[PDB]
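This is start36.cif. It holds mmCIF, C-alpha atoms.
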data_upload
loop_
_atom_site.group_PDB
_atom_site.id
_atom_site.type_symbol
_atom_site.label_atom_id
_atom_site.label_comp_id
_atom_site.auth_asym_id
_atom_site.auth_seq_id
_atom_site.Cartn_x
_atom_site.Cartn_y
_atom_site.Cartn_z
ATOM 1 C CA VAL R 715 73.860 106.706 153.857
ATOM 2 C CA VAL R 716 70.525 106.440 152.018
ATOM 3 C CA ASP R 717 69.732 103.220 153.951
ATOM 4 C CA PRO R 718 71.554 103.312 157.308
ATOM 5 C CA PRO R 719 72.097 100.095 159.371
ATOM 6 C CA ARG R 729 65.256 92.959 161.939
ATOM 7 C CA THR R 730 63.375 89.703 162.548
ATOM 8 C CA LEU R 731 62.323 87.508 159.621
ATOM 9 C CA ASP R 732 59.822 84.655 160.058
ATOM 10 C CA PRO R 733 59.831 82.149 157.139
ATOM 11 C CA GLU R 734 56.806 80.075 158.236
ATOM 12 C CA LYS R 735 57.550 77.634 161.118
ATOM 13 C CA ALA R 736 57.373 79.296 164.551
ATOM 14 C CA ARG R 737 60.802 80.898 165.185
ATOM 15 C CA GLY R 738 61.939 84.270 163.875
ATOM 16 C CA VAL R 739 65.578 84.625 162.814
ATOM 17 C CA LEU R 740 67.665 87.774 163.165
ATOM 18 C CA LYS R 741 68.913 89.528 160.035
ATOM 19 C CA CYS R 742 70.308 92.810 158.823
ATOM 20 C CA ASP R 743 67.815 95.392 157.576
ATOM 21 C CA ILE R 744 68.897 94.839 153.959
ATOM 22 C CA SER R 745 67.734 92.038 151.695
ATOM 23 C CA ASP R 746 70.311 89.900 149.896
ATOM 24 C CA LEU R 747 69.376 91.619 146.626
ATOM 25 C CA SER R 748 71.237 94.617 148.042
ATOM 26 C CA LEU R 749 74.305 92.392 148.444
ATOM 27 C CA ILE R 750 74.035 91.142 144.863
ATOM 28 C CA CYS R 751 73.571 94.685 143.541
ATOM 29 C CA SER R 752 76.691 95.694 145.478
ATOM 30 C CA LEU R 753 78.620 92.819 143.869
ATOM 31 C CA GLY R 754 77.325 93.976 140.475
ATOM 32 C CA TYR R 755 80.322 96.274 139.980
ATOM 33 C CA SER R 756 82.840 93.665 141.141
ATOM 34 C CA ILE R 757 81.497 91.147 138.627
ATOM 35 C CA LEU R 758 82.085 93.692 135.840
ATOM 36 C CA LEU R 759 85.629 94.193 137.126
ATOM 37 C CA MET R 760 86.159 90.419 137.068
ATOM 38 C CA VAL R 761 84.868 90.116 133.499
ATOM 39 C CA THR R 762 87.162 92.929 132.342
ATOM 40 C CA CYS R 763 90.151 91.352 134.101
ATOM 41 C CA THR R 764 89.432 87.936 132.579
ATOM 42 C CA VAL R 765 89.151 89.375 129.063
ATOM 43 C CA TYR R 766 92.400 91.310 129.470
ATOM 44 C CA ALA R 767 94.179 88.261 130.921
ATOM 45 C CA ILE R 768 93.021 85.942 128.132
ATOM 46 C CA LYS R 769 93.921 88.313 125.286
ATOM 47 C CA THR R 770 97.521 88.593 126.522
ATOM 48 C CA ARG R 771 97.965 84.998 127.765
ATOM 49 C CA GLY R 772 101.347 83.934 126.408
ATOM 50 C CA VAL R 773 103.517 86.807 127.649
ATOM 51 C CA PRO R 774 106.922 85.277 128.507
ATOM 52 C CA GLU R 775 108.113 88.018 130.873
ATOM 53 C CA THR R 776 109.283 87.553 134.487
ATOM 54 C CA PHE R 777 108.791 83.773 134.463
ATOM 55 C CA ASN R 778 105.508 83.770 132.512
ATOM 56 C CA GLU R 779 103.511 85.646 135.149
ATOM 57 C CA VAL X 127 123.145 93.850 116.316
ATOM 58 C CA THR X 128 122.839 97.207 118.092
ATOM 59 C CA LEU X 129 119.570 98.650 119.383
ATOM 60 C CA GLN X 130 119.068 102.347 118.729
ATOM 61 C CA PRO X 131 120.102 104.429 121.769
ATOM 62 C CA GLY X 132 118.133 107.262 123.292
ATOM 63 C CA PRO X 133 118.937 110.960 123.651
ATOM 64 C CA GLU X 134 120.453 110.522 127.126
ATOM 65 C CA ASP X 135 122.185 107.158 126.655
ATOM 66 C CA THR X 136 125.882 107.577 127.466
ATOM 67 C CA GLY X 137 127.874 104.336 127.607
ATOM 68 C CA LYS X 138 127.838 101.018 125.789
ATOM 69 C CA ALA X 139 124.800 100.311 123.642
ATOM 70 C CA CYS X 140 122.441 97.349 123.889
ATOM 71 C CA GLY X 141 122.723 94.387 121.565
ATOM 72 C CA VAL X 142 125.162 91.618 120.736
ATOM 73 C CA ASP X 143 128.762 92.104 119.580
ATOM 74 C CA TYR X 144 132.170 90.409 119.286
ATOM 75 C CA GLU X 145 135.681 91.488 120.232
ATOM 76 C CA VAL X 146 139.252 90.189 120.299
ATOM 77 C CA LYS X 147 141.534 91.052 123.219
ATOM 78 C CA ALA X 148 145.268 90.338 123.455
ATOM 79 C CA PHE X 149 147.030 90.697 126.803
ATOM 80 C CA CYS X 150 150.241 89.790 128.631
ATOM 81 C CA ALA X 151 150.068 87.997 131.974
ATOM 82 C CA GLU X 152 151.880 85.431 134.089
ATOM 83 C CA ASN X 153 148.676 83.373 134.316
ATOM 84 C CA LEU X 154 145.371 83.430 132.466
ATOM 85 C CA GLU X 155 142.984 83.500 135.434
ATOM 86 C CA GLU X 156 144.654 86.274 137.487
ATOM 87 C CA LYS X 157 144.270 89.925 136.469
ATOM 88 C CA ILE X 158 144.323 91.806 133.143
ATOM 89 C CA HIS X 159 146.086 95.173 133.180
ATOM 90 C CA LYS X 160 144.868 98.031 131.003
ATOM 91 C CA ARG X 161 148.367 98.920 129.788
ATOM 92 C CA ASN X 162 149.105 95.364 128.594
ATOM 93 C CA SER X 163 145.911 94.870 126.605
ATOM 94 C CA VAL X 164 144.655 95.563 123.080
ATOM 95 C CA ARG X 165 140.965 95.315 122.147
ATOM 96 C CA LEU X 166 139.440 95.260 118.655
ATOM 97 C CA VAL X 167 135.796 95.038 117.581
ATOM 98 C CA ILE X 168 134.877 92.622 114.783
ATOM 99 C CA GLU X 169 131.532 92.175 113.020
ATOM 100 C CA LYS X 170 129.908 88.864 112.134
ATOM 101 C CA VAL X 171 127.553 89.450 109.203
ATOM 102 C CA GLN X 172 125.244 87.775 106.687
ATOM 103 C CA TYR X 173 124.381 88.737 103.109
ATOM 104 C CA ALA X 174 121.458 88.300 100.753
ATOM 105 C CA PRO X 175 120.812 84.800 99.353
ATOM 106 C CA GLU X 176 121.576 84.466 95.657
ATOM 107 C CA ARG X 177 118.395 82.517 94.835
ATOM 108 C CA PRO X 178 115.041 84.337 95.047
ATOM 109 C CA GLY X 179 112.181 82.684 96.878
ATOM 110 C CA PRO X 180 108.475 82.420 96.087
ATOM 111 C CA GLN X 181 106.324 85.483 95.524
ATOM 112 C CA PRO X 182 104.667 86.611 98.793
ATOM 113 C CA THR X 183 100.870 86.515 98.623
ATOM 114 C CA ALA X 184 97.991 86.558 101.095
ATOM 115 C CA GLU X 185 94.220 86.166 100.984
ATOM 116 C CA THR X 186 91.363 86.591 103.450
ATOM 117 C CA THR X 187 87.580 86.264 103.543
ATOM 118 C CA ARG X 188 85.346 87.931 106.143
ATOM 119 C CA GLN X 189 81.600 87.298 106.403
ATOM 120 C CA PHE X 190 79.669 89.484 108.820
ATOM 121 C CA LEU X 191 76.884 88.709 111.280
ATOM 122 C CA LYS X 195 77.967 87.403 101.553
ATOM 123 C CA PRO X 196 81.701 87.859 102.220
ATOM 124 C CA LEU X 197 84.334 90.550 101.762
ATOM 125 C CA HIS X 198 87.403 89.133 100.015
ATOM 126 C CA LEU X 199 90.858 90.723 100.178
ATOM 127 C CA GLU X 200 93.964 89.683 98.236
ATOM 128 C CA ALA X 201 97.454 91.156 98.538
ATOM 129 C CA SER X 202 100.808 90.380 96.959
ATOM 130 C CA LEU X 203 104.366 91.658 96.590
ATOM 131 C CA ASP X 204 106.591 91.660 93.480
ATOM 132 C CA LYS X 205 109.553 89.826 95.050
ATOM 133 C CA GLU X 206 110.604 88.179 98.301
ATOM 134 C CA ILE X 207 114.119 89.567 98.917
ATOM 135 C CA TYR X 208 114.564 93.346 98.989
ATOM 136 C CA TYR X 209 117.687 95.473 99.326
ATOM 137 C CA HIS X 210 118.138 98.418 101.664
ATOM 138 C CA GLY X 211 116.762 101.609 100.137
ATOM 139 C CA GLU X 212 114.817 99.846 97.387
ATOM 140 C CA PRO X 213 111.049 100.391 97.085
ATOM 141 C CA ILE X 214 108.456 97.773 98.004
ATOM 142 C CA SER X 215 105.403 97.480 95.746
ATOM 143 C CA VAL X 216 102.235 95.876 97.135
ATOM 144 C CA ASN X 217 99.233 95.055 94.935
ATOM 145 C CA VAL X 218 95.808 94.891 96.608
ATOM 146 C CA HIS X 219 92.528 93.555 95.198
ATOM 147 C CA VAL X 220 89.296 93.868 97.194
ATOM 148 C CA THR X 221 85.877 92.516 96.227
ATOM 149 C CA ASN X 222 82.891 93.528 98.359
ATOM 150 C CA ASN X 223 79.706 91.500 97.898
ATOM 151 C CA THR X 224 78.369 92.843 101.212
ATOM 152 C CA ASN X 225 76.248 95.921 101.888
ATOM 153 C CA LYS X 226 79.233 97.374 103.768
ATOM 154 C CA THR X 227 81.643 100.121 102.723
ATOM 155 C CA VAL X 228 85.412 100.141 103.235
ATOM 156 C CA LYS X 229 86.411 103.671 104.250
ATOM 157 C CA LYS X 230 90.215 103.588 104.545
ATOM 158 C CA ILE X 231 93.071 101.329 103.442
ATOM 159 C CA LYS X 232 96.164 101.321 105.666
ATOM 160 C CA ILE X 233 99.421 99.735 104.475
ATOM 161 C CA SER X 234 102.506 99.459 106.649
ATOM 162 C CA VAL X 235 105.953 97.893 106.905
ATOM 163 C CA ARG X 236 106.775 96.564 110.381
ATOM 164 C CA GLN X 237 109.871 95.163 112.099
ATOM 165 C CA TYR X 238 109.958 92.414 114.734
ATOM 166 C CA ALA X 239 112.882 91.768 117.084
ATOM 167 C CA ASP X 240 113.183 88.719 119.350
ATOM 168 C CA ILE X 241 115.358 89.111 122.447
ATOM 169 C CA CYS X 242 115.539 85.433 123.379
ATOM 170 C CA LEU X 243 118.182 85.028 126.079
ATOM 171 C CA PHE X 244 116.252 86.083 129.181
ATOM 172 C CA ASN X 245 112.492 85.913 129.532
ATOM 173 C CA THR X 246 111.820 89.081 127.533
ATOM 174 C CA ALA X 247 108.973 90.331 125.366
ATOM 175 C CA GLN X 248 109.369 90.729 121.615
ATOM 176 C CA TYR X 249 109.904 94.208 120.179
ATOM 177 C CA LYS X 250 107.608 95.207 117.307
ATOM 178 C CA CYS X 251 107.464 98.555 115.531
#

Could you render the structure from this file as structure tokens?
Amino acid sequence: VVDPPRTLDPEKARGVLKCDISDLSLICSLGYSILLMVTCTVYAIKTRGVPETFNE
Amino acid sequence: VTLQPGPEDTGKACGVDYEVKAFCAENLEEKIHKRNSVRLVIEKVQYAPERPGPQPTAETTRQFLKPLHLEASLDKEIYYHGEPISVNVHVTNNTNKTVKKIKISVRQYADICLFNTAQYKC
């Protein structure tokens, strides 16, 4: 809501369509998901050899 | 072995047990009446070995990011129910750290190893 929903010309002669946001916005959005993934990996490696329900 | 039941457990307990059952029937594979049947529970047990084993001892060294060295030992290996357990601890601290508390505990482990089941520790 702070930045509601452009043409970018990287040299050459043709401008390409894009969303208003840079890709740094996308990476910052994935910043929380990467923390979730790190937490899940740590929790799944510390348990590891749990033999329940066919070693799930 | 019988696992301790809960407040609201009603029927047969969990664990492993043995019983003998004598019945009267025309054939073995067809039917067992309640009137013609006697059931008795029998316990298979083990008792303490007569020869004591080695003295239990343990040692660890922890160096942080000069070590801290901990040694622990017991007086004997085989104990009887209701008898005290004496543990001797010896700590040497060459570090600049300070041990605040010493926690000593006796813990039980139970392995349910028929289905794929986690081990019980307490």

Between CA of residue 185 in chain X and CA of residue 773 in chain R, measure the distance and give it in Å to one decimal.
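CA of residue 773 in chain R lies 28.2 Å from CA of residue 185 in chain X.
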
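Here CA of residue 213 in chain X stands at a distance of 22.6 Å from CA of residue 199 in chain X.
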
Give me, as a PyMOL selection string, all polymer residues having an atom no more than 12 Å from residue 236 in chain X, counting only C-alpha atoms and skipping those fewer than 4 positions away in the same chain.
chain X and resi 249-251

Target residues per the PyMOL selection byres ((chain X) within 10 of (chain R)), formatted as a list in words:
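For this structure, the PyMOL selection byres ((chain X) within 10 of (chain R)) resolves to residues 244, 245, 246, 247 and 248 of chain X.
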
Distance of CA of residue 141 in chain X from CA of residue 158 in chain X, expressed in Å to one decimal place
24.6 Å

For the file shown, what are the residues hit by the PyMOL selection byres ((chain X and resi 224) around 10), laid out as a short mmCIF file (atom, residue, chain, number, x, y, z; two decimals) with C-alpha atoms, in the frame of the given file?
data_model
loop_
_atom_site.label_atom_id
_atom_site.label_comp_id
_atom_site.auth_asym_id
_atom_site.auth_seq_id
_atom_site.Cartn_x
_atom_site.Cartn_y
_atom_site.Cartn_z
CA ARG X 188 85.35 87.93 106.14
CA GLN X 189 81.60 87.30 106.40
CA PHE X 190 79.67 89.48 108.82
CA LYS X 195 77.97 87.40 101.55
CA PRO X 196 81.70 87.86 102.22
CA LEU X 197 84.33 90.55 101.76
CA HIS X 198 87.40 89.13 100.02
CA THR X 221 85.88 92.52 96.23
CA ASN X 222 82.89 93.53 98.36
CA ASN X 223 79.71 91.50 97.90
CA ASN X 225 76.25 95.92 101.89
CA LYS X 226 79.23 97.37 103.77
CA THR X 227 81.64 100.12 102.72
#

Shell around residue 144 in chain X at 8 Å using only C-alpha atoms, local window under 3 positions removed, as a list in words:
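Here the qualifying residues turn out to be residues 167, 168, 169 and 170 of chain X.
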
Residues at most 10 Å from residue 739 in chain R, counting all atoms listed in the file, excluding those fewer than 3 positions away in the same chain, as a ChimeraX atom specification?
/R:729-733,736

Counting all atoms listed in the file, which of X:214, X:233, X:166, X:154 gets nearest to residue 182 in chain X?
X:214

Residues within 7 Å of residue 202 in chain X, only C-alpha atoms, excluding chain neighbours under 3 positions, as a PyMOL selection string:
chain X and resi 182-184+216-218

Take the residues that were just selected and, keeping C-alpha atoms, output them as an mmCIF file, in the coordinates of the input.
data_model
loop_
_atom_site.group_PDB
_atom_site.id
_atom_site.type_symbol
_atom_site.label_atom_id
_atom_site.label_comp_id
_atom_site.auth_asym_id
_atom_site.auth_seq_id
_atom_site.Cartn_x
_atom_site.Cartn_y
_atom_site.Cartn_z
ATOM 1 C CA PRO X 182 104.667 86.611 98.793
ATOM 2 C CA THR X 183 100.870 86.515 98.623
ATOM 3 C CA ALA X 184 97.991 86.558 101.095
ATOM 4 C CA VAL X 216 102.235 95.876 97.135
ATOM 5 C CA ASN X 217 99.233 95.055 94.935
ATOM 6 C CA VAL X 218 95.808 94.891 96.608
#

With the PyMOL selection byres ((chain X and resi 148) around 8) as the selection, what would be picked from this file? Answer as a list in words, please.
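Applied to this file, the PyMOL selection byres ((chain X and resi 148) around 8) returns residues 146, 147, 149, 150, 163, 164 and 165 of chain X.
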
Would you mind exporting the chosen residues as a tab-separated table (two decimals), in the frame of the given file, restricted to C-alpha atoms?
chain	number	residue	atom	x	y	z
X	146	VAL	CA	139.25	90.19	120.30
X	147	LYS	CA	141.53	91.05	123.22
X	149	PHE	CA	147.03	90.70	126.80
X	150	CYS	CA	150.24	89.79	128.63
X	163	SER	CA	145.91	94.87	126.60
X	164	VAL	CA	144.66	95.56	123.08
X	165	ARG	CA	140.96	95.32	122.15

Excluding residue 208 in chain X and its own-chain neighbours fewer than 4 positions away, which residues fall within 12 Å of it when counting only C-alpha atoms? Please give them as a VMD selection string.
chain X and resid 173 to 176 178 to 179 181 to 182 203 to 204 212 to 215
